[PDB]
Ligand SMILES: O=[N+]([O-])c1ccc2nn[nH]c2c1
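Presented below, as structure tokens, is a lone chain in the form deposited without the named molecule.
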């Protein structure tokens, strides 16, 4: 009953991009047709939760890598690239980290978390989301424990530490609602990343978590070039999904990446609609029967060359 298809990963590489990827983890790989679809159609996998802080360091200095190892091992078995993260994020943070008020203590904790995770997989990981969701909607920095205890230097320090732990990895800052050039948040992240790179922070990429509502794909055609103007080596579309999964929206986002030389690829936030955090809007590229949806076939048509 499986349908004939083409790999969007193979097609996007033929157009000069690095990958078309997907978020997943052990329980998805064990169920449905996820592993088979990822094997056939996607070239990079990202851990949805198994590399988050609550999963990997549930108490200080006590690391748990079972779920992360599963994904890394599966990807290597199956010839897939691997992305990791998020290393520094206020969500899915254990309470013991929020307990800390001493600046030097939290710095050491953050640096240890980054170094331990990145060293375990040194040379194996294409890219790490070093800092995620650091900005408020108005463009100011989000008042997380890291900002409140360490200050603004937590971002410089996090990236310097990551570069040392694995110099081969691409180091990303990531955020959401960067989907319109008109947003104060989009302009602010660009301004701050330019200034951070002038301060020597090794921010290799900006990753735009592109959770779109219907019709918002068109806006990414202007938002992504604006993000590229920060001058980072790379940008990327991360955690893509689209309410309604209209082919027009999905093709607009793909074309945004094709239009930007620093865009290295696109990652979709899961395989099949029923597993989406917004499943009721059927926002992914495969349906509940694990068959490719019209948007998948529209991407395929757009990437033919």
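Residue numbers count along the first chain shown, from 1.
Not pictured, yet referred to below: the form solved in complex with the named molecule.
Engineer: With the partner left out here, if you bring back the named molecule in the bound PDB entry, are 10, 42 and 254 all within 4.5 Å of it by some heavy atom?
Structural biologist: The answer is no: none of the three residues contacts the partner (heavy atom, 4.5 Å cut-off).
Engineer: Answer for residue 35 alone: is it within 4.5 Å of the named molecule in the bound PDB entry, judged on heavy atom distances?
Structural biologist: Residue 35: no contact with the named molecule in the bound PDB entry.
Engineer: Even though the partner isn't displayed, in the bound PDB entry is residue 246 close enough to the named molecule, meaning a heavy atom within 4.5 Å?
Structural biologist: Residue 246: no, not in contact with the named molecule in the bound PDB entry.
Engineer: Is the gap between residue 85 and the named molecule in the bound PDB entry 4.5 Å or less for some heavy atom pair?
Structural biologist: Within the cut-off, so yes.
Engineer: Flag residue 23 as yes or no: does it have a non-hydrogen atom within 4.5 angstroms of any non-hydrogen atom of the named molecule in the bound PDB entry?
Structural biologist: Yes, residue 23 lies within 4.5 Å of the named molecule in the bound PDB entry.
Engineer: Residue by residue through 36 to 60, which ones have a non-hydrogen atom no more than 4.5 angstroms from the named molecule in the bound PDB entry?
Structural biologist: Read in sequence order, the residues that approach the named molecule (within 4.5 Å, in the bound PDB entry) are 46, 47, 48, 52.
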